[PDB]
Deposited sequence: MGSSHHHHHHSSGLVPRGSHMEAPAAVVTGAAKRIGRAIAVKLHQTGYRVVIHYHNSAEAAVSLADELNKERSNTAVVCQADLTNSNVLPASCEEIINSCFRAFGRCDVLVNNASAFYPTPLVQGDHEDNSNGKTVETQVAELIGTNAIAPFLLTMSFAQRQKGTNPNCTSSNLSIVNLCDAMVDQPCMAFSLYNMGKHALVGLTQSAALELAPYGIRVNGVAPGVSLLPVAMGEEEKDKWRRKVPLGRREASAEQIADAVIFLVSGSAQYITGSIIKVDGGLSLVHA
């Protein structure tokens, strides 16, 4: 019987690449999405045509609120309903936008940036563990946490809290045989609204190849961490940044 994985924000980009690669490893996947309904349905269709009844979709908003604990519990329950088990959780969904210290209200920004990056992963970790072999959780972090982008405090705080969770959950869930790890990209798939000249500026900063990581290169590290080649690894953050975090100003 095939193991099952939950991947958050899996409709497109890096989340999709992780969902695809986990499926290619033989996982049945729950494809979580928020707004991207068509891309999520289309991804599940491509994976179900490869192997029938191996991909389902699951809609949930991961913004912080008093109903968020129930939304996260349902995401996890949707895996057990469709596949009868949950072996892997991948915390990939993330809001990303500036919040300068000097549109959306601040309480909305806080709820989205901390909710998606830290609080939902915490509640998803709770539910994953409480619903319970090679069990593992993989958190999508940020290799640039110590060298943050200007005016991204709430986003930076969220990813720092995610490092804390990864270490805290690794310690506490180790007796239960659940490994908690992280993957930290530098520059991978750049924002869609980012101009090409701004893209190349960041590409030129990368020592290894002067380019960004492909989504597949991120998914490769996720797949290593969930495999039997990493059975002793827990509380480890693997940066996949091509040397970006090593370059001085």
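Of the deposited sequence, positions 1 to 21, 124 to 132, 163 to 171 lack any modelled C-alpha atom.
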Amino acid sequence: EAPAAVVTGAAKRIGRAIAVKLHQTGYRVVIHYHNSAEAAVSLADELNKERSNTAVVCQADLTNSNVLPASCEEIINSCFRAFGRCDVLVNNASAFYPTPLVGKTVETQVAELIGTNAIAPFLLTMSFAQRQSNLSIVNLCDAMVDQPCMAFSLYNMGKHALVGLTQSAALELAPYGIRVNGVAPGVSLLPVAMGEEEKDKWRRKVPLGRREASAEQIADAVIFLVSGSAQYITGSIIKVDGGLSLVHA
From here on, numbers count along this sequence of modelled residues.
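Between two forms, the rigid core is defined as the largest C-alpha subset superposing within 1.5 Å.
RMS Cα deviation from the shown model in 8 other deposited structures of this protein, rigid core fit, is larger for 192 to 200 than for the other stretch of the pair 192 to 200 / 27 to 35. According to the PDB record, 143 to 151 carries the higher mean C-alpha B-factor of the two stretches 164 to 172 and 143 to 151. In this entry, 192 to 200 shows the higher mean Cα temperature factor of the pair 192 to 200 and 31 to 39. Comparing the listed residues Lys104, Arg85, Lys159, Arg179, the entry records the largest Cα B-factor for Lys104. Looking only at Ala55, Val183, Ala60, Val67, the residue with the top Cα B factor in the deposited structure is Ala55.
Ranked within its chain, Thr116 lands in the lowest third, by CA B factor from the PDB record. Among the modelled residues of its chain, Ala249 has a C-alpha B-factor that falls in the highest third according to the deposited record.
Sort the modelled residues of the chain by CA B factor and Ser78 lands in the highest third. Among all modelled residues in its chain, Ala44 ranks in the highest third by Cα B-factor. When the modelled residues of the chain are ordered by C-alpha B-factor, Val187 sits in the highest third.
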